[PDB]
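Before any comments, here is the structure.
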Amino acid sequence: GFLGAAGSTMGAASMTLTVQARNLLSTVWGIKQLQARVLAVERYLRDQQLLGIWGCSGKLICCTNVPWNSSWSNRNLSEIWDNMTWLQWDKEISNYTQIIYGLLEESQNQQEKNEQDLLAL
Amino acid sequence: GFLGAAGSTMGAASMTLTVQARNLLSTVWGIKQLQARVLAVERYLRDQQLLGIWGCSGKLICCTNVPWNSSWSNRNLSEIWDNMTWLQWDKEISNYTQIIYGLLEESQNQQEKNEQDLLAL
Amino acid sequence: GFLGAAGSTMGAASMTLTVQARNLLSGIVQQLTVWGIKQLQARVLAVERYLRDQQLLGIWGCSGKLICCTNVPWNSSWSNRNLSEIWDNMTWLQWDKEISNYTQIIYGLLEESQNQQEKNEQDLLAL
Amino acid sequence: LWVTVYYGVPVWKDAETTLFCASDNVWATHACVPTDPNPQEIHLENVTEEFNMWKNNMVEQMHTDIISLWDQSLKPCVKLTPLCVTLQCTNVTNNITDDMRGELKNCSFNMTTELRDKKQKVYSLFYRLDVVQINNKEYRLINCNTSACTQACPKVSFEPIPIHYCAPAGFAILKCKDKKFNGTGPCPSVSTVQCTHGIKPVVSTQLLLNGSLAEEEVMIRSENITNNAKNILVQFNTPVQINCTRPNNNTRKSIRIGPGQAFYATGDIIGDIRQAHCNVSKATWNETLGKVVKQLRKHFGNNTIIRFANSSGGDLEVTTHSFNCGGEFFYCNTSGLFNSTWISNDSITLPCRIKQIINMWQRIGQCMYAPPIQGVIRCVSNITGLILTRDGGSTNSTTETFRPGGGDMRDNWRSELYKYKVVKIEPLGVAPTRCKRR
Amino acid sequence: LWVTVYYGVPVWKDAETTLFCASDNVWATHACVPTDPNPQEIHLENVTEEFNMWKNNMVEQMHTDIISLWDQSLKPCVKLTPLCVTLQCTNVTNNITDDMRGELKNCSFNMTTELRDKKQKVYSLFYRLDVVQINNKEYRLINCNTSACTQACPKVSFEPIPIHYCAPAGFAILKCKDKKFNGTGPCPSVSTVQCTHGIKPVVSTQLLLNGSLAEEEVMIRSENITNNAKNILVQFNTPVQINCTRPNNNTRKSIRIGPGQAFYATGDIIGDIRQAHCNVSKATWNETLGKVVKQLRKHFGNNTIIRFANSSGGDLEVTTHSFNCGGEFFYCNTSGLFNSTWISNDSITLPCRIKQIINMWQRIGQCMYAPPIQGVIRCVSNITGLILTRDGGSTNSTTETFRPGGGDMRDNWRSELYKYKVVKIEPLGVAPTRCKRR
Ligand SMILES: *[C@@H]1O[C@H](CO)[C@@H](O[C@@H]2O[C@H](CO)[C@@H](O[C@@H]3O[C@H](CO)[C@@H](O)[C@H](O)[C@@H]3O)[C@H](O)[C@H]2NC(C)=O)[C@H](O)[C@H]1NC(C)=O
Ligand SMILES: *[C@@H]1O[C@H](CO)[C@@H](O[C@@H]2O[C@H](CO)[C@@H](O[C@@H]3O[C@H](CO)[C@@H](O)[C@H](O)[C@@H]3O)[C@H](O)[C@H]2NC(C)=O)[C@H](O)[C@H]1NC(C)=O
Ligand SMILES: *[C@@H]1O[C@H](CO)[C@@H](O[C@@H]2O[C@H](CO)[C@@H](O[C@@H]3O[C@H](CO)[C@@H](O)[C@H](O)[C@@H]3O)[C@H](O)[C@H]2NC(C)=O)[C@H](O)[C@H]1NC(C)=O
Ligand SMILES: *[C@@H]1O[C@H](CO)[C@@H](O[C@@H]2O[C@H](CO)[C@@H](O[C@@H]3O[C@H](CO)[C@@H](O)[C@H](O)[C@@H]3O)[C@H](O)[C@H]2NC(C)=O)[C@H](O)[C@H]1NC(C)=O
Ligand SMILES: *[C@@H]1O[C@H](CO)[C@@H](O[C@@H]2O[C@H](CO)[C@@H](O[C@@H]3O[C@H](CO)[C@@H](O)[C@H](O)[C@@H]3O)[C@H](O)[C@H]2NC(C)=O)[C@H](O)[C@H]1NC(C)=O
Ligand SMILES: *[C@@H]1O[C@H](CO)[C@@H](O[C@@H]2O[C@H](CO)[C@@H](O[C@@H]3O[C@H](CO)[C@@H](O)[C@H](O)[C@@H]3O)[C@H](O)[C@H]2NC(C)=O)[C@H](O)[C@H]1NC(C)=O
Ligand SMILES: *[C@@H]1O[C@H](CO)[C@@H](O[C@@H]2O[C@H](CO)[C@@H](O)[C@H](O)[C@H]2NC(C)=O)[C@H](O)[C@H]1NC(C)=O
Ligand SMILES: *[C@@H]1O[C@H](CO)[C@@H](O[C@@H]2O[C@H](CO)[C@@H](O)[C@H](O)[C@H]2NC(C)=O)[C@H](O)[C@H]1NC(C)=O
Ligand SMILES: *[C@@H]1O[C@H](CO)[C@@H](O[C@@H]2O[C@H](CO)[C@@H](O)[C@H](O)[C@H]2NC(C)=O)[C@H](O)[C@H]1NC(C)=O
Ligand SMILES: *[C@@H]1O[C@H](CO)[C@@H](O[C@@H]2O[C@H](CO)[C@@H](O)[C@H](O)[C@H]2NC(C)=O)[C@H](O)[C@H]1NC(C)=O
Ligand SMILES: *[C@@H]1O[C@H](CO)[C@@H](O[C@@H]2O[C@H](CO)[C@@H](O)[C@H](O)[C@H]2NC(C)=O)[C@H](O)[C@H]1NC(C)=O
Ligand SMILES: *[C@@H]1O[C@H](CO)[C@@H](O[C@@H]2O[C@H](CO)[C@@H](O)[C@H](O)[C@H]2NC(C)=O)[C@H](O)[C@H]1NC(C)=O
Ligand SMILES: *[C@@H]1O[C@H](CO)[C@@H](O[C@@H]2O[C@H](CO)[C@@H](O)[C@H](O)[C@H]2NC(C)=O)[C@H](O)[C@H]1NC(C)=O
Ligand SMILES: *[C@@H]1O[C@H](CO)[C@@H](O)[C@H](O)[C@H]1NC(C)=O
Ligand SMILES: *[C@@H]1O[C@H](CO)[C@@H](O)[C@H](O)[C@H]1NC(C)=O
Ligand SMILES: *[C@@H]1O[C@H](CO)[C@@H](O)[C@H](O)[C@H]1NC(C)=O
Ligand SMILES: *[C@@H]1O[C@H](CO)[C@@H](O)[C@H](O)[C@H]1NC(C)=O
Ligand SMILES: *[C@@H]1O[C@H](CO)[C@@H](O)[C@H](O)[C@H]1NC(C)=O
Ligand SMILES: *[C@@H]1O[C@H](CO)[C@@H](O)[C@H](O)[C@H]1NC(C)=O
Ligand SMILES: *[C@@H]1O[C@H](CO)[C@@H](O)[C@H](O)[C@H]1NC(C)=O
Ligand SMILES: *[C@@H]1O[C@H](CO)[C@@H](O)[C@H](O)[C@H]1NC(C)=O
Ligand SMILES: *[C@@H]1O[C@H](CO)[C@@H](O)[C@H](O)[C@H]1NC(C)=O
Ligand SMILES: *[C@@H]1O[C@H](CO)[C@@H](O)[C@H](O)[C@H]1NC(C)=O
Ligand SMILES: *[C@@H]1O[C@H](CO)[C@@H](O)[C@H](O)[C@H]1NC(C)=O
Ligand SMILES: *[C@@H]1O[C@H](CO)[C@@H](O)[C@H](O)[C@H]1NC(C)=O
Ligand SMILES: *[C@@H]1O[C@H](CO)[C@@H](O)[C@H](O)[C@H]1NC(C)=O
Ligand SMILES: *[C@@H]1O[C@H](CO)[C@@H](O)[C@H](O)[C@H]1NC(C)=O
Ligand SMILES: *[C@@H]1O[C@H](CO)[C@@H](O)[C@H](O)[C@H]1NC(C)=O
């Protein structure tokens, strides 16, 4: 359905990411609904721009050369991709997001400075 | 300039795809303009979301690999790019596009296996 | 900060290009009344400008990259200074006056180079 | 371990948004978009959502939308500002019955006509609850000491129609599906939906009418069951039928007050004069009260004597059960229903009464003139919920008495929006993995 | 043998949108978007689209646009509610000729002044088609049992001004250029355009005035021709000049009716009062009627005698010509123009009467007082069309009688917006050629 994998295994929930990704776009009832849909466009464009700073424009799954600092989560791989759901995973990491966004941004910033002089030959 | 490439052959319309694409985003009588610009923004973001989901994003000729048959047209390339136009081609595919749009929902499956599964040391 | 080191040299602003890009859309805390309709017009205009600039980046096959190169030739009538005095002791502000009236053919040359490159890639991968 | 990024994960946080409505009169749906047929519903399985029916923000948005849309529907009707010239009213007494004597008045005032240099002496019939004495004795309307009432122009009807609340892009509506649900706490089975069901904005103050029923037992919902300052709310399992009607044969006449504005006054009554009756079956109400008292004592004790007394309101709207009957507004005594004590084809009749000047949403300086409806009127409805109020004497006692109440219209729609909440999807997410970007 | 996906291809399909583009008054050209010089009229290649004239949404959208624009421009003006008083009236008797006797009436009444305790006795000249006897005789205005009016402010004038029509971003307007076009069917001359040509919102009911000309011959364009009900609109190849004038000197008074509101009443007439002759020439009219009657019998009959007659309408607007000549609305007989029985410097001066209270875009109870214009006025315009209607029974016909008629304001905008249709782009196109992404 729309988000029918929202309670399933976090490994198995990532097989159907597009059905969440599809439906982010979709007088009393004048300015209010116009403001609602302009705010939806604003949120989607902010999301796509923040994904585009990281070097992941047009990609649903990436990788990036940042190391995972264990202070965020000491749990290893044998308890994360098997019997938990994305809601508890967001609830555990909810105050560790700004620093990893900043490190990801600085890694892309360092990444983008290392090809333009190798392409200058 | 603008769409005076209709009526011309498929083989001649493929070299002019962008001049028809850069003119897609460019009190009464005042609110109507706001609704028009908002609607244009919605259509452009929907089209770009479909291209981003399909894997090929930002590319005019974004050749993917979903197989054909005789059911989703059997007309060979010896006639549909020497004589036949885009407008007539839209007519004969008009009730067949939906499953092909559905069949293009595999980019996510083969980017979780080319990035998330592979490239692991 | 926003417009940080805008008066610096050509190469000094190259590492501070990302700071402008986030703030061309909006803020979040700043997201009936004559203030409201003007704020709505300003928000729609900002979205319009950012989407237009991103589309103009996307035509030339350079989307997602702040720094990029293109293989279309540069005519000598447009400029004559070499690389020595343009990337050093030259602020970005004094660059647009001499290339004011040539840009509309620059965009077409970029478009034709990208379309020819895309058709060449389609012809090559079809084998 | 190296970090990957995902876009489009099913993660939702609580948020505030402006929902838009959809449908299939005052509740004008000509400015509302049509709804879709067969709206999809997805049964999420391994989720536990912490619902809260008493702090959700869609109820306030519903109240604001109803108020603003009501004011929008009141704009293209007659202003009726020059009406309240000093009235002279006699007792109408023709072959009127013994009770409700001296209720209707025969007022004889005079008014401006289409030409703005003549007048005309007219007569109208008014209730006692619309006129006060200013000192035959002279009378004036109760309204124009504070403000001038606005007529409800007679093309518009007051019948409720269902309204479905949708959600915009990025926001999801989660619907409760636990069958034992007191409105607060976690829910084991949660399902999502894009559209709410048919929610008619019914008007009531003590007895919830035409609502959505329960499924297994009668349920009890409150803020704090040991606190007596919060309105306890009960929802029935089976409906009880109610028949409120007005027996007299009134007629309407058109009186012109200017070039194109007409005021509809009550004409001479054909026949006799009788008060408006309201009927509820006795044994079915006794069985329903038995169900309520059986479900009430699970919160207080197995030996507590439970009593029901009549209401103790100050104004008319809290004292009397009030609703609408397609144009006429009723006010019912309802003392013969809540009068019993419980220890561990006859029909009860209620003298429902009629008022015309309506100050409805409790705003200072705005009101209604409802025109009379020609002929007899009949309404057949059914009671779904009650809004009771505890009378808490002391701790560890053996007797609790319950009284009807309300007046605040947020609690009327809180019994229909309990199994709904709105969340905002945040599709970004990060996770550790083994992969590397090239 | 695999799909490829293409972006930006020249496919399209039909749609409907909301439009703009004013020029480079009531038709407000201050709150708009100015047009560009040198529009992009790009001639397309072999495509043939099925243009329809009778089903495009643009005509209805234009009608709604002019209505909303009209009654927003009449909003900040004087509401003539004190004008409904009693009028005692007498005949005007000054230098009255054989005609115009009793067409004007000298009326005297009462009207309030700035200081709202003191009245005054003022006098004015109303027309015969504006007052109704109520039964030296008393009178009232004709529009004082439905609704009070709104006097048109003299600052805002209502001469026709050119506007244009865009398509929004992501849409396009396809324009016909074939020289023989019968309304429906295909067209091998399709070309796109951004803003349309100089469309002019003229208001007429029997004879199209000041509009877009034809280019090779007179073109008959209609529905299914066997129907007697459908209008059969004719477009002339060459214009014919029309001069309609009022040869009466008028004096505009400034009768003050409130604290800053003025009712501009007609004063006495300087000189003699003559009937408004409303002129057209014989020779060019006879020549153009010859061209039109030659181009009827192409598809109607072959040699049946074609005759005209004068109109047969119920109200005033359908049965006679109606047009603007600067705020002083005319009504010309047009009965000497259709009195021929065609078989196969002198003038056709018309009695062209006149009225002040107007009610156009017919709605129940919205009048508009048109203030008088001082001096004499004369308009030199030209006929660019016909709004005839066929009337006759016999299938095996020996004759066909055409009678003009008209009305229905929608048809005056489907006469000059015929060569236009809006379309939707939809740039994505899927399954070209052999490929195989690595
Ligand atoms: C629901 O309502 C009950 C009352 O029906 C609330 O419990 C009461 O809470 C108050 C405030 O904390 C307590 O008062 C305090 O008690 C002692 C002396 O008895 C002392 O610590 C303070 O001076 C203060 O007065 C009260 O004892 C307690 N219980 C009763 C039976 O009244 C309860 O908090 C409410 N629940 C919620 C969630 O709000
Ligand atoms: C709730 O129910 C009680 C009990 O049935 C009602 O109280 C009764 O109210 C009536 C009102 O007419 C009282 O009658 C009047 O009382 C005195 C008698 O001295 C006299 O002025 C009149 O002749 C008339 O009979 C009646 O006495 C009173 N009963 C008691 C025991 O006080 C009450 O009205 C109901 N309340 C509501 C809000 O519905
Ligand atoms: C609760 O729902 C019931 C559903 O039956 C409502 O009763 C219905 O009320 C409407 C509006 O008053 C009645 O419509 C009217 O009926 C007659 C005949 O058509 C006429 O007076 C009007 O033209 C209008 O259509 C309807 O007949 C009536 N239905 C029945 C079966 O009696 C009731 O009003 C609702 N109660 C509320 C909102 O308190
Ligand atoms: C709501 O209904 C209650 C039902 O008890 C009403 O209370 C009763 O009202 C009557 C009439 O005013 C009181 O008078 C009694 O009536 C009969 C003769 O009609 C007779 O039994 C007595 O001689 C006496 O006059 C009666 O005392 C009173 N109470 C009871 C317990 O019956 C009440 O008035 C109604 N309230 C409203 C606001 O309409
Ligand atoms: C269309 O043309 C016909 C033919 O001329 C017009 O009919 C004419 O109408 C006038 C005014 O109503 C009639 O005059 C009156 O006639 C009677 C009988 O003689 C009498 O009461 C008076 O002498 C008065 O003048 C006239 O006779 C009549 N002509 C004929 C031949 O019937 C008609 O009015 C025109 N209609 C329109 C809408 O233009
Ligand atoms: C169709 O064509 C003619 C072309 O002349 C239009 O006539 C023009 O009408 C306007 C508006 O009434 C006149 O403008 C005003 O005229 C007077 C002086 O006559 C004065 O108040 C102002 O200077 C103002 O310009 C204009 O003079 C008149 N043109 C001529 C040459 O006399 C006509 O209105 C068009 N429309 C219709 C519905 O006939
Ligand atoms: C309009 O249609 C005619 C059809 O004959 C086109 O003329 C030829 O079409 C064939 C096949 O369609 C081509 O191989 C030829 O090259 C065409 N000849 C010429 C001189 O054009 C004609 O080209 C069509 N017009 C357009 C713009 O495509
Ligand atoms: C209300 O009072 C008016 C008078 O103010 C009554 O109207 C009169 O009724 C009598 C009796 O039928 C007639 O003879 C008169 O001609 C009526 N006069 C007018 C002006 O209508 C009216 O009947 C009273 N209404 C009642 C008692 O319900
Ligand atoms: C409510 O119930 C009462 C009591 O049964 C009904 O009153 C009786 O109605 C019948 C029929 O109209 C009359 O013949 C009787 O005289 C009434 N009984 C009395 C006055 O004691 C009443 O009609 C019912 N109301 C409804 C069904 O709307
Ligand atoms: C309220 O009114 C309804 C409609 O008249 C009553 O329902 C009727 O009850 C009688 C009882 O003998 C049945 O014969 C009818 O078939 C019922 N009709 C319908 C349409 O259901 C109802 O009894 C009344 N409620 C009371 C008196 O409490
Ligand atoms: C219409 O009638 C009015 C009176 O109701 C006339 O006004 C009078 O005209 C005479 C002659 O000019 C003056 O001496 C009076 O002073 C006027 N009286 C007032 C009160 O102003 C008016 O002239 C008539 N209009 C015509 C015949 O066109
Ligand atoms: C309309 O046509 C009539 C008839 O040709 C004209 O009226 C005549 O005009 C001449 C020239 O000025 C005068 O000598 C005559 O006395 C008029 N005859 C009448 C009034 O019966 C009239 O001028 C024309 N009007 C216009 C605006 O062209
Ligand atoms: C309508 O008015 C025009 C403009 O005045 C008239 O054209 C005039 O025609 C006469 C004919 O003798 C010429 O001498 C004038 O030079 C023309 N005027 C101009 C300004 O060119 C026209 O004839 C009138 N139409 C009628 C009366 O039917
Ligand atoms: C990991 O995080 C801790 C706590 O913030 C910090 O002290 C440490 O330096 C980090 N280690 C890294 C970045 O290797
Ligand atoms: C982050 O949240 C967790 C869970 O609530 C909490 O234990 C921790 O202290 C928080 N960290 C900071 C720095 O606030
Ligand atoms: C698509 O439409 C054509 C034209 O009617 C029809 O022949 C064909 O069967 C349709 N394809 C379907 C229904 O799959
Ligand atoms: C650029 O070209 C425009 C267009 O002719 C002209 O007006 C302008 O002067 C030119 N500027 C320079 C510096 O040549
Ligand atoms: C009119 O009603 C009042 C209030 O009940 C009463 O005092 C008065 O006596 C009545 N008059 C008549 C004539 O019945
Ligand atoms: C009341 O009704 C009766 C019966 O219809 C009728 O004859 C009478 O005139 C009325 N008035 C009185 C005082 O009885
Ligand atoms: C609702 O029921 C739950 C589950 O037993 C309980 O935790 C909660 O306190 C109850 N709330 C009320 C107001 O009774
Ligand atoms: C009410 O009076 C009217 C007019 O006499 C009559 O036609 C109608 O039947 C009456 N209604 C009832 C329910 O008696
Ligand atoms: C209310 O109940 C009491 C007993 O508590 C009883 O005496 C009385 O008659 C009842 N009144 C009504 C109107 O039912
Ligand atoms: C006024 O006009 C009427 C209309 O026919 C006429 O009967 C009457 O004689 C006229 N009076 C004068 C004085 O002209
Ligand atoms: C109102 O009009 C009447 C009739 O002409 C007249 O008697 C009276 O004096 C006028 N003026 C007033 C009341 O000021
Ligand atoms: C016909 O009217 C137009 C305006 O609609 C005007 O410009 C023109 O001069 C007139 N005469 C012609 C074409 O002879
Ligand atoms: C217009 O021409 C088409 C050509 O197919 C014809 O079928 C139709 O009847 C014509 N319509 C009219 C109104 O002449
Ligand atoms: C019909 O019209 C055509 C074309 O004018 C003509 O040649 C033919 O003779 C006519 N036939 C008849 C029977 O009138
Ligand atoms: C109207 O009368 C005035 C009076 O001064 C005169 O000057 C003017 O020329 C007249 N207008 C005409 C006859 O058109």
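FYI, nothing fancy with the structure tokens labels: chains A, B, ... in order, residues from 1 per chain, ligands from 1 as they appear.
A distance search around ligand 1 (9 Å at most, only C-alpha atoms and all ligand atoms) returns the following protein and nucleic acid residues: residues 223, 224, 225, 226, 227, 228 and 395 of chain D.
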May I have the residues from that selection written out with C-alpha atoms, as a PDB file, in the first residue's frame?
```pdb
ATOM      1  CA  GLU D 223      -9.614  13.491  31.162  1.00  0.00           C
ATOM      2  CA  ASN D 224      -9.190  12.435  34.801  1.00  0.00           C
ATOM      3  CA  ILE D 225     -11.863  10.129  36.226  1.00  0.00           C
ATOM      4  CA  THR D 226     -11.066  11.152  39.816  1.00  0.00           C
ATOM      5  CA  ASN D 227     -11.516  14.832  38.863  1.00  0.00           C
ATOM      6  CA  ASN D 228     -15.052  16.237  38.776  1.00  0.00           C
ATOM      7  CA  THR D 395     -13.365  11.149  48.750  1.00  0.00           C
TER       8      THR D 395
END
```
Starting from chain E, keep only residues with some atom at most 12 Å from an atom of chain C, counting only C-alpha atoms, and report them as a list in words.
residues 1, 2, 4, 5, 6, 7, 8, 169, 432, 433, 434, 435, 436, 437 and 438 of chain E
Prev. selection, N, CA, C and O atoms, output as a CSV table (one decimal), in the first residue's frame:
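Generated output (again.csv):
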```csv
chain,number,residue,atom,x,y,z
E,1,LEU,N,15.2,-2.7,-28.5
E,1,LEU,CA,14.3,-3.8,-28.1
E,1,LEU,C,14.0,-3.6,-26.6
E,1,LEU,O,13.3,-4.4,-26.0
E,2,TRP,N,14.4,-2.5,-26.1
E,2,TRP,CA,14.2,-2.0,-24.7
E,2,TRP,C,13.7,-0.6,-24.8
E,2,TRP,O,13.9,0.1,-25.8
E,4,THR,N,13.6,3.5,-23.7
E,4,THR,CA,14.6,4.5,-23.6
E,4,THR,C,14.3,5.7,-22.8
E,4,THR,O,15.2,6.2,-22.1
E,5,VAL,N,13.1,6.2,-22.8
E,5,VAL,CA,12.5,7.3,-22.1
E,5,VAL,C,13.1,8.7,-22.6
E,5,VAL,O,14.3,8.9,-22.5
E,6,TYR,N,12.2,9.5,-23.2
E,6,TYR,CA,12.6,10.8,-23.8
E,6,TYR,C,11.9,11.9,-23.1
E,6,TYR,O,10.7,11.8,-22.7
E,7,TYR,N,12.6,13.0,-22.9
E,7,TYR,CA,12.0,14.2,-22.2
E,7,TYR,C,12.0,15.4,-23.1
E,7,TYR,O,13.0,15.8,-23.7
E,8,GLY,N,10.8,15.9,-23.3
E,8,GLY,CA,10.6,17.2,-24.1
E,8,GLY,C,10.1,17.0,-25.5
E,8,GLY,O,10.4,17.8,-26.4
E,169,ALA,N,2.4,28.8,-18.0
E,169,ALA,CA,3.7,28.0,-18.2
E,169,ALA,C,3.4,26.5,-18.3
E,169,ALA,O,2.9,25.9,-17.4
E,432,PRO,N,11.3,4.2,-27.4
E,432,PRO,CA,11.9,4.3,-28.7
E,432,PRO,C,12.6,3.1,-29.4
E,432,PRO,O,12.0,2.4,-30.2
E,433,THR,N,13.8,2.8,-29.0
E,433,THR,CA,14.8,2.1,-29.8
E,433,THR,C,15.7,1.1,-29.0
E,433,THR,O,15.5,0.9,-27.8
E,434,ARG,N,16.6,0.5,-29.7
E,434,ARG,CA,17.6,-0.4,-29.1
E,434,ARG,C,18.7,0.3,-28.4
E,434,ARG,O,19.1,1.4,-28.8
E,435,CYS,N,19.2,-0.2,-27.2
E,435,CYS,CA,19.8,0.6,-26.2
E,435,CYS,C,20.8,-0.2,-25.3
E,435,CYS,O,22.0,-0.2,-25.6
E,436,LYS,N,20.3,-0.9,-24.3
E,436,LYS,CA,21.0,-1.7,-23.3
E,436,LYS,C,22.1,-0.9,-22.5
E,436,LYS,O,23.3,-1.0,-22.8
E,437,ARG,N,21.6,0.0,-21.6
E,437,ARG,CA,22.5,0.5,-20.5
E,437,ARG,C,23.4,-0.5,-19.9
E,437,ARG,O,23.0,-1.6,-19.6
E,438,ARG,N,24.7,-0.2,-19.7
E,438,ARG,CA,25.7,-1.1,-19.1
E,438,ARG,C,25.3,-1.3,-17.6
E,438,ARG,O,24.9,-0.4,-16.9
```
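Our summary of the geometry notes that CA of residue 95 in chain C is positioned 24.6 Å from CA of residue 112 in chain C.
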Distance query range 86-95 of chain B at most 9 Å, only C-alpha atoms, self and fewer than 3 positions along chain excluded, as a list in words:
residues 6, 7, 8, 9, 10, 13, 72, 73, 80 and 98 of chain B; 9, 10, 11, 12, 47 and 429 of chain E
As an NGL selection string, could you give me every residue of chain C near chain B (at most 12 Å apart, counting only C-alpha atoms)?
:C and (37-38 or 40-64 or 107-108 or 110-126)
May I have the residues within 9 Å of ligand 5, computed using only C-alpha atoms and all ligand atoms, as a PyMOL selection string?
chain E and resi 309-313+319-320+333-336+339
Identify all residues of chain A in helix (DSSP H, G or I) (DSSP on the backbone) and supply them as a count of residues only.
61
Around ligand 25, which protein and nucleic acid residues have at least one atom no more than 8 Å from it, if we count only C-alpha atoms and all ligand atoms? List them as a PyMOL selection string.
chain E and resi 209-212+238-241+381-384
Give me, as a PyMOL selection string, the residues of chain E touching chain D, with the criterion being at most 8 Å (counting only C-alpha atoms).
chain E and resi 81-82+84-86+144-148
Given only C-alpha atoms as the basis, pick out the residue of D:70, D:109, D:236, D:338 nearest to chain A.
D:70
Which residues are near residue 28 in chain B? Cut-off 9 Å, only C-alpha atoms, ignore same chain within fewer than 5 positions. Put them as a JSON list (two decimals) with C-alpha atoms, in the first residue's frame.
```
[["chain", "number", "residue", "atom", "x", "y", "z"],
["E", 31, "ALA", "CA", -4.02, 45.27, -12.15],
["E", 65, "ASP", "CA", -14.10, 36.93, -16.26],
["E", 68, "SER", "CA", -16.53, 39.21, -12.15],
["E", 69, "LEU", "CA", -14.50, 42.16, -13.45],
["E", 72, "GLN", "CA", -15.91, 44.37, -8.93]]
```
Counting only C-alpha atoms and all ligand atoms, what are the residues, protein, DNA or RNA alike, that approach ligand 10 to within 7 Å? I want them as a PyMOL selection string.
chain D and resi 241-243+279-281+347+380
With 9 Å as the cut-off and only C-alpha atoms and all ligand atoms counted, what is the closest atom pair between each nearby residue of chain E and ligand 23? Distances in Å to one decimal, ordered by chain and number, as JSON lines.
```
{"residue": "E:90", "atom": "CA", "partner": "ligand 23", "partner_atom_place_in_ligand_line": "1 (C)", "distance": 6.6}
{"residue": "E:91", "atom": "CA", "partner": "ligand 23", "partner_atom_place_in_ligand_line": "1 (C)", "distance": 4.9}
{"residue": "E:92", "atom": "CA", "partner": "ligand 23", "partner_atom_place_in_ligand_line": "14 (O)", "distance": 7.9}
{"residue": "E:93", "atom": "CA", "partner": "ligand 23", "partner_atom_place_in_ligand_line": "14 (O)", "distance": 6.9}
{"residue": "E:101", "atom": "CA", "partner": "ligand 23", "partner_atom_place_in_ligand_line": "2 (O)", "distance": 7.9}
{"residue": "E:102", "atom": "CA", "partner": "ligand 23", "partner_atom_place_in_ligand_line": "2 (O)", "distance": 5.9}
{"residue": "E:105", "atom": "CA", "partner": "ligand 23", "partner_atom_place_in_ligand_line": "2 (O)", "distance": 8.9}
```
12 Å shell around ligand 3 using only C-alpha atoms and all ligand atoms, listed as number ranges by chain:
D: 25, 154-162, 199-205, 207-212, 239, 241-245, 321-330, 373-384
Just want the residues within 9 Å of ligand 17, written as a PyMOL selection string, counting only C-alpha atoms and all ligand atoms.
chain C and resi 97-102
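Any residue of chain B with an atom within 12 Å of chain D counts; using only C-alpha atoms, that gives residues 42, 52, 53, 108, 111, 112, 113, 114, 115, 116, 117, 118, 119, 120 and 121 of chain B.
Within range 55-114 of chain D, residues classed as strand (DSSP E or B) by DSSP on backbone coordinates are residues 87, 88, 89, 90, 91, 104, 105, 106, 107, 110, 111 and 112 of chain D.
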